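So the sequences go chain by chain: O and X. Numbering (the authors' numbering) for the first sequence: 7 to 193. Numbering (the authors' numbering) for the second sequence: 1 to 62. Here's the structure we're looking at; comments come further down.
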Amino acid sequence: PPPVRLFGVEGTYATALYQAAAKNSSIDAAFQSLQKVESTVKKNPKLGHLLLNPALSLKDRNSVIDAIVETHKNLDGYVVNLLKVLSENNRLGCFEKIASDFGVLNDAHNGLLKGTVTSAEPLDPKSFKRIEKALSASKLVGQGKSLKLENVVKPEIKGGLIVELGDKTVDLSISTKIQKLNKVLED
Amino acid sequence: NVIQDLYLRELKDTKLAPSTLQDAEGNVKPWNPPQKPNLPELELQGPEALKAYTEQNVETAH
Numbered sequence: 007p008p009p010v011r012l013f014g015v016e017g018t019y020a021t022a023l024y025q026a027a028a029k030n031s032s033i034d035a036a037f038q039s040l041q042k043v044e045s046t047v048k049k050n051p052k053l054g055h056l057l058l059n060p061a062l063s064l065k066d067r068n069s070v071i072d073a074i075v076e077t078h079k080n081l082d083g084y085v086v087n088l089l090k091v092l093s094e095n096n097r098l099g100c101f102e103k104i105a106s107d108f109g110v111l112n113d114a115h116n117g118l119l120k121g122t123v124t125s126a127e128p129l130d131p132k133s134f135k136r137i138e139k140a141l142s143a144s145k146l147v148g149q150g151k152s153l154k155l156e157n158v159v160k161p162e163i164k165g166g167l168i169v170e171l172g173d174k175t176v177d178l179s180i181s182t183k184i185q186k187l188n189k190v191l192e193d
Numbered sequence: 001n002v003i004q005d006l007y008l009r010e011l012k013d014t015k016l017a018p019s020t021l022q023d024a025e026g027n028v029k030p031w032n033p034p035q036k037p038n039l040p041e042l043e044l045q046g047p048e049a050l051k052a053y054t055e056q057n058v059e060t061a062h
């Protein structure tokens, strides 16, 4: 059973990878090695970008796979079986997609809460820290998952702040308040 | 907060008062009070008609 199913298309692949590596026991190893080969795929720019797009054979695809396992002899065998799956399904256009998804499952398994505090401008580090403290203090943190605080800059969200994490947000942006004030003052 | 500031500043600092009656008059029907249209007169005064009608009107058959 995965740590909560997420993603259907491509994520059945990710789920499978997760549960299979749960039966491998080593999920972290798998993820780390996948991360490393994925990174060198991205840092292979000629045909590691320009042949991420299927247009070539099953057999040619297989030989690309063979080149990939020459690039790293550490990739476990489950993620080498994942290479087999992707070659067989001839879908390379969702390799990094699967990588991202496996990251989500993996860090859910690790248990790290995710969040973002989108604002109009990058906030103070004191603000960051106070918010980090607050979020950990709040019942939202289960003490089992540790927030990510990602500042996003969104001037379109004119002033204020919006805190986001879980399915729970508090939006005390200036834009929303102005919007509501204006709207009701058009009534 | 921001609500209060926006409210306070806008409301307090922006005051309007209604427009002049002259401008209003343009936008409405002004009205000048109707006059008396007619003063009636005597109903066919004089027995000239009457004598004629009394004599003339009979129209009885045999």
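Backbone N, C-alpha and C define an ideal beta-carbon position, used for all residues, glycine too.
With a CB to CB cut of under 6 Å and the five nearest residues on each side skipped, what residues in its chain are close to residue i?
{"i": "O/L89", "result": "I71"}
{"i": "O/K154", "result": "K120 and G121"}
{"i": "O/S106", "result": "none"}
{"i": "O/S181", "result": "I163 and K164"}
{"i": "X/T14", "result": "none"}
{"i": "O/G54", "result": "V47"}
Rounded C-beta distance between residue i and residue j? I'm assuming under 8 Å.
{"i": "O/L178", "j": "O/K151", "result": "The pair is not a contact, with the Cβ atoms about 24 Å apart (cut-off 8 Å)."}
{"i": "O/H78", "j": "O/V47", "result": "About 10 Å; that fails the 8 Å criterion."}
{"i": "O/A22", "j": "O/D82", "result": "Not really, about 14 Å apart at Cβ, beyond 8 Å."}
{"i": "X/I3", "j": "O/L187", "result": "6 Å"}
{"i": "O/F37", "j": "O/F108", "result": "6 Å"}
{"i": "O/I104", "j": "O/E16", "result": "6 Å"}
{"i": "O/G99", "j": "O/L58", "result": "7 Å"}
{"i": "O/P9", "j": "O/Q25", "result": "Not quite, the Cβ-Cβ distance comes to about 10 Å (not below 8 Å), so this is no contact."}
{"i": "O/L171", "j": "O/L129", "result": "Actually they do not touch by this definition, with Cβ atoms about 15 Å apart."}
{"i": "O/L40", "j": "O/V86", "result": "That pair is no contact at about 10 Å."}
{"i": "O/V123", "j": "O/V169", "result": "5 Å"}
{"i": "O/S93", "j": "O/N68", "result": "5 Å"}
{"i": "O/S125", "j": "O/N80", "result": "Not confirmed; about 41 Å, so no contact."}
Cutting at 8 Å between CB atoms, please list the residues of its own chain near residue i, excluding the five before and the five after it.
{"i": "O/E127", "result": "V159 and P161"}
{"i": "O/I184", "result": "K164"}
{"i": "O/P60", "result": "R67, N96, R97, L98 and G99"}
Taking 7 Å as the threshold (beta carbon to beta carbon), is residue i in contact with chain C?
{"i": "X/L11", "result": "Absent here is chain C; the protein component of the structure consists of chains O and X."}
Residue i versus chain X: which residues are under 9 Å apart at the beta carbon?
{"i": "O/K183", "result": "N1, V2, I3 and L6"}
What residues in its chain sit with their C-beta under 7 Å from that of residue i, if we drop five residues either side in the sequence?
{"i": "O/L64", "result": "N96"}
{"i": "O/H115", "result": "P9 and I33"}
{"i": "O/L146", "result": "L171, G172 and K174"}
{"i": "O/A20", "result": "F13, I104, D107, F108 and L111"}
{"i": "X/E10", "result": "none"}
Show which residues of chain X have a CB atom less than 7 Å away from the CB atom of residue i.
{"i": "O/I180", "result": "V2"}
{"i": "O/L129", "result": "By Cβ distance, chain X contributes nothing, its closest Cβ being about 17 Å from O/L129, past 7 Å."}
{"i": "O/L187", "result": "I3 and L6"}
Which runs of the alpha helix (DSSP H), 4 residues or longer, sit entirely within the region 34-72 of chain O?
34-48
Completely contained alpha helix (DSSP H) runs for the region 80-129 of chain O, where each covers 4 or more residues
DSSP runs (the alpha helix (DSSP H)) wholly in the region 80-129 of chain O: 84-94 and 102-116.
Pick out the complete beta strand (DSSP E) segments inside the region 144-169 of chain O, 3 residues or longer, and give them in chain order.
157-159
Every unbroken alpha helix (DSSP H) within the region 10-41 of chain X, with a cutoff of 4 residues, ordered by chain:
21-26
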